[PDB]
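Topology and contacts: notes
Take a look at the letters that make up each chain.
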Amino acid sequence: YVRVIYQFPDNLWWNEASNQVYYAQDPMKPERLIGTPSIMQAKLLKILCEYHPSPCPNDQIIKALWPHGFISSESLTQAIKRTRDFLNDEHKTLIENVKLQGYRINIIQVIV
DNA sequence: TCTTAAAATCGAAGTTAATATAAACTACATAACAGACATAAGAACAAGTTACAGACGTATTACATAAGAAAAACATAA
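The rules behind each value
- Residues numbered from 1 in each chain as written, not as in the entry; some residues may be left out.
- Chains lettered and ligands numbered in written order.
- Part of a larger assembly, values for the part shown.
- Heavy atoms only, no water.
- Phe/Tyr/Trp six-rings, centres within 6.5 Å; stacked < 30°, edge-to-face > 60°.
- Buried < 20%, exposed > 50% of the residue type's maximum accessible area, 1.4 Å probe, protein only.
- Core = buried A, V, L, I, M, F, W, Y, C linked by side-chain atoms within 4.5 Å.
- Helix = DSSP H or I, 4+ residues; strand = E, 2+ residues; numbered from the N terminus.
- Contact = heavy atoms within 4.5 Å.
- Pairing = 2+ DSSP bridges.

By the method listed in its record, cryo-EM, this PDB entry was determined to a resolution of 2.9 Å.

Per the PDB entry, chain A goes by the name Toxin co-regulated pilus biosynthesis protein P and belongs to Vibrio cholerae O395.

**A short note on the packing of aromatic side chains**
This structure, assessed with the given rule, holds two aromatic pairs. With a centroid separation of 6.4 Å and an interplanar angle of 10°, the aromatic rings of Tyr6 and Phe8 are classed as stacked. Exposure remark for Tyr6: the relative accessible area of 11% places this residue in the buried category. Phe8 sits in the buried class, given a relative accessible area of 1%. Centroid distance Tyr6 to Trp14: 5.0 Å. Interplanar angle 20°. Geometry classified as stacked.

**Quick look at the nonpolar core**
Core analysis: the biggest nonpolar cluster contains 25 residues, and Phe8 and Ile61 have the highest contact counts within it. Ranked by the residues each element gives to this core, the list is headed by helix α1 (residues 41-50), at five residues. The contact partners of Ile61, leaving out residues within four places of it in the chain, are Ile47, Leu48, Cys56, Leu76 and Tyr103.

**Side note on the pairing of strand β5 (residues 95-98)**
Regular strands show a simple pattern: their side chains alternate between the two faces of the sheet. Both β5 and strand β6 (residues 102-105) contribute to a ladder of four bridges, which runs antiparallel. Considered in β6, the bridge of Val98 is made with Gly102. Count of turn residues in the β5/β6 antiparallel hairpin: three residues, of which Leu100 carries a positive phi of about 65°.

Pasting the structure below:
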């Protein structure tokens, strides 16, 4: 299997196969499980992972989250807000808003 | 009371569209124009919050059917 595991600052782990996000209370020990994201949290995470390290423009983010939807940018803002909330990113470091160029996700390493 | 000078008036409409000759210099203060800066107003991007909708997921309700247990009836042996 092509397994991709993403390591994020504050030793966050996102496992793509199980679609699970968990705090590491050790180097890579899974015991503190933040949980399972919904089917847009995962989509936007996939978008920001596929464009790393380049910022992703908002238009393509919306076209990937809503392929056939006339969705206002308010839903974009609050989707980013809720994804950062459920990742416990109150310091705006995990999903950074590239000023006047879109969004980036802070990812340290990829394990295959 | 008799001349004699002033004063006032003289149809409507319609039309009816400019002229046009003829000192110099100096000093000073004030107004106007142009350039630059800071400020109030404005726009764009992103974030927080508060709520309602939408379809999924939970609990209340009424059962179908099949396995298990009790009981009544029957056949058999003493």
